[PDB]
């Protein structure tokens, strides 16, 4: 169906007349998408000629393992990624169990795109936009059950001292409805944007059932819009978590936070603070901060931390249907449903 447990409502390429293809390499993916633009007469069709289900069977572990051993040699290399530009017929890129990629998926001005079961890590080209997954001007995109990783570390002398590795899931532009779920994101300094600038405000994004471990910041860095974060496991956040900016609104419910600095905040602009509605998280009052090693820091510009752990605004009625398990169940069970090789399994209260 089209139910993703979030704002995005798409079946991707799993629709009527979908054509299944197997890609054994990054280049196959590129070629497969190109072929999908031609009609029965060999002429290009705007938005694509037919829906696609690409099963990626390639494995780039040698590239990944080599990169892991020389972290600081990645940022200056050429970035690698498959671009899904202006393809609206519907497409799903799903990795076969055991597949791996040292390249990113860049979605631009497309719609109804699903990316699942992909293990992407240590991408080269952090200094030249080497994002793992990018959603730009693309509504109805579902990024589900992937493992996105690198090293939560910044090498010396990188451009802006911020380019050792690019982000895991960046959302910007008119990507009006997006769902980011069941991903195992670890060893990432900048997890992802939700708006590329002060002017790029908006969108309705849902982050659910993601397991974050050893990440520094941007979970996400929100600029306006609505963000619904539920059933996520946030551990070892070394910088800040959800940064709600430009009057954005967030509903933060039934998540488990632990060993996190500034888990919920609004900083870096000095104005137009966003709001949040907190409910059902493992933290319920400031007394719980010590229990779960939650630390807070100030910023040089005016900011707002959720150190009182109280709701600071409201949130409109959630459109879709979802059934969150308890925060405890997340902490107990989530690590077994999030990521690759889980056969796209979901956490239900029955499993709690």
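In the entry's author numbering, the protein residues as written are 1 to 352.
Built from N, CA and C at the ideal position, the CB exists for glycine as well.
C-beta atoms of residue i and residue j nearer than 8 angstroms
i           : j           : result
residue 62  : residue 86  : no
residue 114 : residue 107 : no
residue 92  : residue 64  : no
residue 353 : residue 148 : Limits of the chain in this structure are 1 at one end and 352 at the other, which puts residue 353 out of reach.
residue 98  : residue 146 : no
residue 9   : residue 140 : yes
residue 151 : residue 190 : no
residue 293 : residue 271 : no
residue 130 : residue 79  : yes
residue 278 : residue 323 : no
Paired residues, beta bridge with residue i - DSSP
i           : result
residue 344 : Note: residue 344 sits in no beta bridge, so no partner.
residue 83  : 106
residue 172 : 136
residue 279 : 253
residue 148 : 120 and 185
residue 162 : Note: residue 162 sits in no beta bridge, so no partner.
residue 203 : Residue 203 is not bridged to any residue.
residue 222 : 194 and 244
residue 217 : 190
Other residues of its chain near residue i: CB distance less than 7 angstroms, five sequence neighbours each side excluded
i           : result
residue 334 : 209, 211, 233 and 347
residue 338 : 182, 183, 184, 209, 210 and 211
residue 351 : 333
residue 236 : 213, 214 and 259
Nearest neighbour of residue i, chosen from the options [CA to CA]
i           : options               : result
residue 71  : 188, 250, 292 and 229 : 188
residue 197 : 248, 298 and 181      : 248
residue 39  : 33, 49 and 2          : 49
residue 179 : 228, 161, 67 and 340  : 228
residue 36  : 194, 24 and 20        : 20
residue 344 : 29, 41, 144 and 101   : 144
residue 285 : 318, 309 and 52       : 309
residue 226 : 194, 238 and 237      : 194
residue 353 : 102, 83 and 46        : As displayed, the chain neither begins before 1 nor continues past 352, which places residue 353 out of reach and without an answer.
Close beta carbons around residue i, own chain, < 6 angstroms, minus the five adjacent residues each side
i           : result
residue 256 : 233, 282, 327, 330 and 331
residue 265 : 240, 243 and 305
residue 336 : none
Whole-number beta carbon distance between residue j and residue i, since they are thought to touch under 8 angstroms
i           : j           : result
residue 74  : residue 157 : The pair is not a contact, with the Cβ atoms about 13 angstroms apart (cut-off 8 angstroms).
residue 251 : residue 315 : 4 angstroms
residue 122 : residue 96  : No, residue 122 and residue 96 are not in contact; Cβ-Cβ is about 20 angstroms, not under 8 angstroms.
residue 77  : residue 51  : Contact doesn't hold; Cβ gap of about 34 angstroms is too wide.
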